[PDB]
Amino acid sequence: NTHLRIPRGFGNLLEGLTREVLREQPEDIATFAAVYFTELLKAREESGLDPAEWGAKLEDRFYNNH
């Protein structure tokens, strides 16, 4: 039997997938899971919650007049 310890929050991540699989009853669960994470990532991106990549291009812009 498998008993594993996982990072704080990963339980919730799996639970979100699981509850949506149960809600939708996909005929092909693995295909549904790939779509689930794709859409979750789009939602995270739109909210501004993508992790900051401080070595990556500072591609966004902020303006304020004085």
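What follows draws every value from the coordinates through simple rules; no lab data is involved. Note: ideal-geometry Cβ built from the backbone for every residue, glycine included; neighbour counts use all protein chains shown.
Quick look at the numbers
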{"read-out": "Value at 222 nm in deg cm²/dmol, rounded to 500, when DSSP H runs of n ≥ 4 in the chain each add -39,500 (n - 2.57)", "value": "-17500 deg cm²/dmol"}
{"read-out": "Simple spin-label estimate for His66 and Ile6 in nanometres, 7 Å along Cα-Cβ", "value": "4.8"}
{"read-out": "Fully extended contour minus Cα-Cα distance, from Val35 to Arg23, at 0.36 nm per residue", "value": "2.9 nm"}
{"read-out": "Kirkwood hydrodynamic radius (C-alpha pairs) into Stokes-Einstein, the chain, 20 °C and 1.002 mPa s, D in µm²/s", "value": "142"}
{"read-out": "Positive-pole candidate from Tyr63, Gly9, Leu41, dipole of the chain, charges at beta carbon", "value": "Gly9"}
{"read-out": "Cα long-axis angle, helix 10-24 against the chain (0 to 90 degrees, to the nearest 10)", "value": "60"}
{"read-out": "Principal-axis tilt of helix 29-47 within the chain, Cα atoms, nearest 10 degrees", "value": "20"}
{"read-out": "Only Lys, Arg (+1) and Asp, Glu (-1) charged, at Cβ; the chain dipole about Cα centre in debye", "value": "320"}
